[PDB]
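Q: This is the structure, below, for whatever I ask next.
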Amino acid sequence: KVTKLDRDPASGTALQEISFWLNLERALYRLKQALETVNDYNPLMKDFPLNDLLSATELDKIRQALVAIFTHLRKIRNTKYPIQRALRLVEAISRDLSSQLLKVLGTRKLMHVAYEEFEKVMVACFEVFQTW
């Protein structure tokens, strides 16, 4: 039941997958193959930094959040995560990065501001895109 539970990575946000792979480990600590799978995958799941992205309001904060996330993606070498699953994770980061972007531009109200301020905020946003 608990040992047979699995989740499609193509759906949901990234935080849902982080919460799944953390609380599955915590419930398994409370069978052998599931244990070694989550023990293999737990170096990725620990201290994952996308709460910085979700808490970011300024574009430079977003940019340092994605470089923190991508530098956290270095640790594939010690785990045996599925590669298509990893692609669905980085697709999920793209998803809530987009969501935070429409949130930020909803605060910014680009059409109701002058040309110059719109220019600096969108070249900052395109710097974020280039960094991505």
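Here, A, B, ... name the chains of the structure tokens in the order displayed, residue numbers run from 1 inside each chain, and ligands are numbered from 1 in the same displayed order.
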Neighbours of residue A:93 within 9 Å (only C-alpha atoms; same-chain residues fewer than 3 positions away dropped), as a VMD selection string?

A: chain A and resid 13 to 14 50 66 69 88 to 90 96 to 98

Q: Counting only C-alpha atoms, what is within 9 Å of stretch 78-81 of chain A, bar same-chain residues fewer than 6 positions away, as a list in words?

A: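 That gives residues 37, 40, 41, 42, 43 and 44 of chain A.
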
Q: Excluding residue A:28 and residues on its chain fewer than 2 positions from it, collect all residues at most 12 Å away from it, counting only C-alpha atoms, and give them as a list in words.

A: residues 1, 2, 3, 4, 5, 20, 21, 22, 23, 24, 25, 26, 30, 31, 32, 33, 34, 35, 36, 37, 38 and 39 of chain A

Q: A:107, A:120, A:73, A:125: which is nearest residue A:57, counting only C-alpha atoms?

A: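 Going through A:107, A:120, A:73, A:125 one by one, the smallest distance to residue A:57 is for A:107.
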
Q: Report as a ChimeraX atom specification: the residues of chain A with a DSSP assignment of alpha helix (DSSP H), based on the backbone of this structure.

A: /A:14-29,32-45,50-55,59-72,83-108,115-131

Q: Would you mind listing what lies within 12 Å of residue A:67 as a list in words, with only C-alpha atoms counted and same-chain residues fewer than 5 positions away left out?

A: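 Neighbouring residues, sequence-local ones excluded: residues 49, 50, 52, 53, 60, 61, 62, 72, 73, 74, 93, 128, 129, 130, 131 and 132 of chain A.
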
Q: Please produce an output containing C-alpha atoms for each residue in the selection, written as a PDB file, in the first residue's frame.

A:
ATOM      1  CA  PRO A  49      15.830  25.878  -2.535  1.00  0.00           C
ATOM      2  CA  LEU A  50      12.711  26.679  -4.618  1.00  0.00           C
ATOM      3  CA  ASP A  52      13.587  31.219  -2.554  1.00  0.00           C
ATOM      4  CA  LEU A  53      11.963  31.313  -6.002  1.00  0.00           C
ATOM      5  CA  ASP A  60      17.571  39.483  -9.416  1.00  0.00           C
ATOM      6  CA  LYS A  61      16.233  37.422  -6.502  1.00  0.00           C
ATOM      7  CA  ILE A  62      14.567  35.175  -9.083  1.00  0.00           C
ATOM      8  CA  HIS A  72      21.504  22.036  -6.729  1.00  0.00           C
ATOM      9  CA  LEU A  73      20.978  19.966  -9.880  1.00  0.00           C
ATOM     10  CA  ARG A  74      24.680  18.983  -9.872  1.00  0.00           C
ATOM     11  CA  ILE A  93      10.684  24.529 -12.339  1.00  0.00           C
ATOM     12  CA  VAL A 128      16.791  36.042 -16.224  1.00  0.00           C
ATOM     13  CA  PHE A 129      15.749  34.210 -19.411  1.00  0.00           C
ATOM     14  CA  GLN A 130      19.341  34.146 -20.684  1.00  0.00           C
ATOM     15  CA  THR A 131      20.568  32.890 -17.300  1.00  0.00           C
ATOM     16  CA  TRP A 132      17.960  30.127 -17.501  1.00  0.00           C
TER      17      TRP A 132
END

Q: Atom CA of residue A:111 and atom CA of residue A:92, how far apart in Å?

A: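 Distance reported for this atom pair: 28.4 Å.
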